[PDB]
Amino acid sequence: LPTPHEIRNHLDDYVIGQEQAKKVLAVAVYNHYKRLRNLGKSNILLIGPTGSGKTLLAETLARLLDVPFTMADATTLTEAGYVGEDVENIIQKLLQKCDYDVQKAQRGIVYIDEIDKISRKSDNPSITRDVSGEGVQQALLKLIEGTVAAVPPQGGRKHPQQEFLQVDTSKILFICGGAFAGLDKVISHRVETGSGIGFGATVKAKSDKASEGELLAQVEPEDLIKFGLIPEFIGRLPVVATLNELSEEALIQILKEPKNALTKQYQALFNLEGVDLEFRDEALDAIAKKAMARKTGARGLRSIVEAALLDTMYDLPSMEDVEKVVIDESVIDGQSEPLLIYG
Amino acid sequence: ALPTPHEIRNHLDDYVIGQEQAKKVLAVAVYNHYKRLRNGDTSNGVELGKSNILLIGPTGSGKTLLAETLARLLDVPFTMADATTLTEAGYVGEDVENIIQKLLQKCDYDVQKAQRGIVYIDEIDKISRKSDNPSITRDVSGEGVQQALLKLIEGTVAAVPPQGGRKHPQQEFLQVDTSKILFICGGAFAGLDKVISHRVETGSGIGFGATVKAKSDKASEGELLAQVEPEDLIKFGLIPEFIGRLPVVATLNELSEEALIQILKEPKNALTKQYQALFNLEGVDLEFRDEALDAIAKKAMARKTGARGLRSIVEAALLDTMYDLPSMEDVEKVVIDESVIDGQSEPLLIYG
Amino acid sequence: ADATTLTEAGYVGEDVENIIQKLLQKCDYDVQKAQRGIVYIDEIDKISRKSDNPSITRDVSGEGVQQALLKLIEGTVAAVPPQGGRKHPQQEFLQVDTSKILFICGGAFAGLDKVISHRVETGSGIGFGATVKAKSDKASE
Amino acid sequence: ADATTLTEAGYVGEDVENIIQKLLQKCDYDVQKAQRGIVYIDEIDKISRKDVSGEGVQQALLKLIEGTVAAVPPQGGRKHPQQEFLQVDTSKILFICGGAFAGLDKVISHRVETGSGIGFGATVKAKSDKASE
Amino acid sequence: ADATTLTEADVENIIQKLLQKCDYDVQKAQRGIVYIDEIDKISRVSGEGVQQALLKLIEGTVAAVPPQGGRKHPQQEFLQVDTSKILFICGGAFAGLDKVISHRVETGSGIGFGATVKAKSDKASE
Amino acid sequence: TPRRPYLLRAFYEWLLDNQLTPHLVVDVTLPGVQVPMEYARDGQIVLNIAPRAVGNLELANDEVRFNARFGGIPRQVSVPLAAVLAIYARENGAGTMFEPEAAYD
Amino acid sequence: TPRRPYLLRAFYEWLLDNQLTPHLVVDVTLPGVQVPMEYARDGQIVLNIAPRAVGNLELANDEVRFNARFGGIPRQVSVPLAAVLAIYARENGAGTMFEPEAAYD
Amino acid sequence: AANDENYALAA
Ligand SMILES: Nc1ncnc2c1ncn2[C@@H]1O[C@H](COP(=O)(O)OP(=O)(O)OP(O)(O)=S)[C@@H](O)[C@H]1O
Ligand SMILES: Nc1ncnc2c1ncn2[C@@H]1O[C@H](COP(=O)(O)OP(=O)(O)OP(O)(O)=S)[C@@H](O)[C@H]1O
């Protein structure tokens, strides 16, 4: 019913910078809602670097959504019969959100995070067997295509009266996340002809070569096959969504634009103590450069702030007669200390 | 009211020396954690995230000592763990959820108390990946442990049995959130200095323009460890997502001769006091000299093992003395001189 | 105990905590007695790492055992199993502190004398200025 | 069975014990019937002396040919520590080793036949009379 | 029946499923045809070992199936059906089938003016 | 309705609270049982009812089905209440039996 | 532990599954019994534990607690398990008599 | 006990 405009607009507050990813997410939800009222389905795959907002998008989508939604992790998943959790447990978590309504669960959406962790790997002669690789991908693949899977009968009480609810996952929508590491190198072989010693041969410097974000945009299913994923697994997902590394401008906006901005978090921490905090635009620019250099996504921003306010926050509560705090670009450079306003 | 960081720093300074940077980070984090616990919502319309701490320091630098001492001064639940024991789910090794069970036991199985607590994970460097690229073979105690901890640090519900797994079929597993649980990691990271040296120092080839450090002007591990970035840890071998969960990183400098000398008598549980009590309960008195402590520090520093080296020197010096001391009689006090440490003289004895 | 058979947690080899289980049998499964017990280890030289071997390949027999014994030696709570045959995560295990337990390690380090002689003597050299040392002058093992 | 697939202990995982397991599966895990079974080996070549397994794989077969007890899973399942392995005596199991040898004929020719090999007047295998081989 | 699902090594499960479609009819069950999929996935836990178990079904072996009871009653309810008449087929699309065949089919490489050479990518249709 | 399942619940939970390991007795001779004949002896098989021994334990009046490993291989076992004879803790002498049910005949 | 609380819950649910009226027999002579003495006769009393006539029913191991209406005034009932003599259905008397136990004296 | 004392296993 709701058009993708309000979906992307409302979602724009929490997440900023990603354009293509938002459109795909809103389109899928819009198509899902229309289909829910009355064919088929299309699963989404999110392939982005660390700190790109993959997990953030799922959390925000839950608030905007009005149907059952749940977030699961693939690390805990293990082959049937082992101490670890099973794929069927994911459906159980979904039921808990919808008051264990089988009808509501069938129309619900399920998002799995950290999917790149599971992948076919070596025999590992020292260990008995690998239960977190191909073993958990075949069962999961069966769930993606749509099949009835036995689940506990809502766990309402000790005896659910022989319900044995089995939910068909055909109608349910599956979205896969994960931050694949080293995939850019695999794509490099296919998209880079190589280098030669001769003059005619093209050699690319560390700066001239394209970044991981560019290579990720050109990703194909063939690359994922040899990466450690089953070919049928990726084939089931017909939509591929890719993110890109953030920029200085994007990082600057994230510091103060969202309602849960990092700057606002520290400001509230200082406000509750009876002290005011101020920020300068020039300071944010320097922070973006340092954070980008760390190559850790938006999380790198926090590392800079804490390092700058370490000594300040250590002595701030001990001292008194402090009204406001002002931070300049020099403070970020480590050549001065924040200015204090007394009285 | 909530104690200030200066008060907390004073308590830790009593047992730790030469770790001002580490004590500042721990004090500030604990101070912020107390404020978050004081206010349930913690903000009018915002959500304050937790900054997980990392403690990179050489051996015998007081990394574990800080966690143990902090537990005494803390009030909220505290717990220590060993990363080597941890393994990914579905294996014989201990599971990650067991860590929360230990913390859960400390608070009398109170989910609310466990929801807000501090966790210490030692030997984090041991589970480090061998190479930056993904391991071709499954790493049960390496990459697997890191991948499992990613969701825990970020914040997610966990299932824990209240008393015993067999007490009930499902046990209605207690759901505890970890989005507000602070985590402190500690590791030695042996060989990391080489990585920063390769990146910071260049032009080491055979040439006129290329410069040689001469192994005399080379930056020490303590000062070199200060210069560190996430890219350095990647080369050493670690998941980049894991580093993103730890925004604040602290470095511990290597102990010096002056720092070691203070450790001999200044702390509460000092090596000298330990042996003094051992001799006191037997009915003998012991004395030390400033010159003896200075010589011990020099020899200890040469061992390159941290504060632990001190125990090695003193033990070897009192080996013969402690062996024949109980056999003798009428002895009341013992005096240790600098010459005794050198081995050219025996400790003086006092007869009552 | 024998360090050769020891293996880090999460592998078919017996875990380091199994050593505590053996001690418990001697003291009739008494936690207090085990805390004040003594432990001897042999073949400690065998678990020594291989400097030539690159770090790319994980070592569980030699390196994994050393890394696991750090907390146990220094003193840490160990979830010793009741019998030691297997350690399931769901299974319940006894908690025994090792803050006061004493450990004794032994082993005939083969080739250690060669390393010490190279560092202590440093008499190699064919040049006129370099000193010449006779084989008889070399110190005993 | 294929000898090339077999590997020494400590390697990827293929072991000589698996050979007996296949035999038991044919007779429905019947130890008595297995003793009377006729075992066969194929492609014995390609494994020999030049670390790599090589000849080590063959060494494991030594005890099997002469006769020895072999541990096998109870119901042809992956080796688990929480289970017991049945013992099958191979002292009565006949072994038939077959393989195609490439180059052995050349070695035999130098030993028994008198020829100058690569020579102007030396005989060459151009007549196409493969029957001689 | 998927090969990976049965790679661990049951055959009786597939036989009873086939019988259920024909209402546990021995004659109709024999006429039924069985197809195996994903065989390439298991090609190089049993692996080749489970193939020997499946070979028994090819030669023909009797299988006992309950008549919709869903429990084991070997004394009276179990129905015996032979698998000799049943036809078994399978589809394989394993990776690099053309390259493996080209190793034994092409068998041509030379360096000379008159030597036979082919395009770097390919000269013959897949 | 038969009294075998409701009685089984009381005795099962009763033994659990006592810290004893509860065990169940099944009569393989009666129809509907699903257990290996090799292990069953004297027309009866003792199936551990403890939660750890089995997987996905669910007790219903019509039938009870559990997942357990027989000989180290995973298998599915479902037994009707009529086949059940008695429930007792094998660790100690304490034990109880189910009275005969008329509807089962 | 005593079997009475486990057998009580089992038999209690059974009568509800057959559209019956569960009725309990309580001994008012045991210490700690909190029941209407005016409604007791010959040292015993009959209490209806059906959901239609009882609210907030709790079948615990230590004692039975629930709220009910006696006449025109609501009253709270608390009966230890040792005082529960038997349970029978008002429609047909179906049920069983609880046997003695060592713990109950 | 025909069934194993522990159904879940660890590799
Ligand atoms: N576009 C964005 N706008 C605002 N904050 C963002 C954005 N992307 C990331 N963040 C911040 O990054 C943190 C969330 O990390 P994520 O980006 O969700 O991690 P990820 O990209 O999913 O990679 P993983 O989960 O480690 S595999 C929060 O502190 C967010 O505020
Ligand atoms: N400043 C200090 N004051 C007193 N004792 C100290 C100090 N620094 C280290 N120690 C001693 O060193 C030991 C603890 O060392 P830690 O640095 O806390 O841990 P650790 O040795 O680094 O562990 P690793 O990383 O596995 S080697 C104890 O015996 C302490 O008494």
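If you read the protein sequences in the order shown, they are chains A, B, C, E, F, Y, Z and S.
According to the entry's author numbering, the residues represented by the first sequence are 64 to 101, 110 to 414, in order.
Residue numbering for the second sequence follows the entry's author numbering, starting at 63 and increasing by one per position.
Residue numbering for the third sequence follows the entry's author numbering, starting at 143 and increasing by one per position.
According to the entry's author numbering, the residues represented by the fourth sequence are 143 to 192, 201 to 283, in order.
According to the entry's author numbering, the residues represented by the fifth sequence are 143 to 151, 157 to 191, 202 to 283, in order.
Residue numbering for the sixth sequence follows the entry's author numbering, starting at 7 and increasing by one per position.
Residue numbering for the seventh sequence follows the entry's author numbering, starting at 7 and increasing by one per position.
Residue numbering for the eighth sequence follows the entry's author numbering, starting at 264 and increasing by one per position.
Each residue gets a CB set at the ideal place from its N, CA and C atoms; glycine is no exception.
| Pick from F/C247, F/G269, F/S282 and F/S203: whose alpha carbon is nearest that of F/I258? | F/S282
| message | Would you say F/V202 lies against chain A (beta-carbon separation less than 9 Å)? | response | yes
| request: Drop a sphere of 10 angstroms on the beta-carbon of A/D255, count the other beta-carbons inside from all chains shown, and report buried for 16 or more, exposed for fewer. | output: buried
| Thinking C-alpha only, which one of B/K175, B/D184, B/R100 and B/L411 is nearest B/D347? | B/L411
| Rounded C-beta distance between B/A210 and B/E293? I'm assuming under 8 Å. | 24 Å between Cβ atoms; not a contact.
| query | Apart from the five residues on each side of it in sequence, which residues of its chain come closer than 7 Å, Cβ to Cβ, to A/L99? | reply | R178
| query | Pick from F/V158, F/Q163 and F/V207: whose alpha carbon is nearest that of F/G227? | reply | F/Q163
| query | What did DSSP end up calling F/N160 once you bin it into helix, strand or coil? | reply | helix
| request: Out of Y/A100, Y/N67 and Y/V32, point me to the one whose CA is closest to Y/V83's CA. | output: Y/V32
| message | Counting only Cβ pairs nearer than 9 Å, list the residues of chain Y close to A/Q233. | response | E64, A66, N67, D68 and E69
| query | Buried or exposed: B/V376, going by 16 or more other Cβ atoms within 10 Å of its Cβ? | reply | buried
| query | Heavy atom of ligand 2 less than 8 Å from the Cβ of B/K125, yes or no? | reply | yes
| Limits of the beta strand (DSSP E) - the one that B/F245 falls within | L244 to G249
| query | So what does DSSP say about Y/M43, is it helix, strand or coil? | reply | coil
| task | Alpha carbon to alpha carbon, how far is A/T146 from B/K97? Give it in angstroms, no decimals. | result | 33 Å
| chain C contact for residue 292 of chain S (CB, 9 Å cutoff) | Since the first residue of chain S shown is 264 and the last is 274, residue 292 of chain S is not available in this structure.
| said: On the criterion of 16 or more Cβ atoms from any shown chain inside 10 Å, does C/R261 qualify as buried, or is it exposed? | reply: exposed
| field | Bridge-paired residues (DSSP) for Z/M103 | value | Z/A92
| With a Cβ-Cβ cutoff of 9 Å, do B/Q324 and B/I79 count as a contact? | yes
| query | Does the beta carbon of E/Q225 come closer than 9 Å to any beta carbon on chain Y? | reply | yes
| task | Please confirm if the segment 126-144 of chain A is in contact with the segment 36-52 of chain Y, defined as three or more CB-CB distances below 8 Å between the two stretches. | result | no
| Y/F72 bridges to which residues according to DSSP? | Y/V83
| request: Mark Z/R75 as exposed unless 16 or more other C-beta atoms lie within 10 angstroms of its C-beta, in which case mark it buried. | output: exposed
| message | Taking 9 Å as the threshold (C-beta atoms), are A/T141 and A/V173 in contact? | response | no
| query | Looking at the structure shown, is A/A89 part of a helix, part of a strand, or coil, going by DSSP? | reply | helix
| query | To which residues of the same chain is Z/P8 closer than 7 Å at the C-beta, ignoring the five residues directly before and after it? | reply | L87, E107, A109 and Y110
| request: Report buried or exposed for Z/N24, applying the criterion of at least 16 other Cβ atoms within 10 angstroms of its Cβ. | output: exposed
| field | Delimiting residues of the alpha helix (DSSP H) encompassing E/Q208 | value | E205 to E216
| message | With H, G and I counted as helix, E and B as strand and the rest as coil, what does DSSP make of Z/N62? | response | strand
| task | Say yes only if the C-beta of A/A321 is nearer than 8 Å to one or more non-hydrogen atoms of ligand 1, and no if none qualify. | result | yes
| message | Per DSSP, what are the beta-bridge partners of F/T147 in this structure? | response | DSSP output for F/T147 lists no bridge partner at all.
| query | Does any CB atom of chain S fall closer than 9 Å to the CB of B/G107? | reply | no
| query | Quick one: what's got a C-beta closer than 7 Å to Y/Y45's C-beta in the same chain, skipping five residues either side? | reply | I51 and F76
| If you follow the alpha helix (DSSP H) that B/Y385 is part of, which residue opens it and which one closes it? | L381 to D386
| Can you tell me whether A/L165 is buried or exposed, with buried defined as 16 or more other CB within 10 angstroms of its CB? | buried
| Under 7 Å by beta carbon: chain B residues contacting C/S197 | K192
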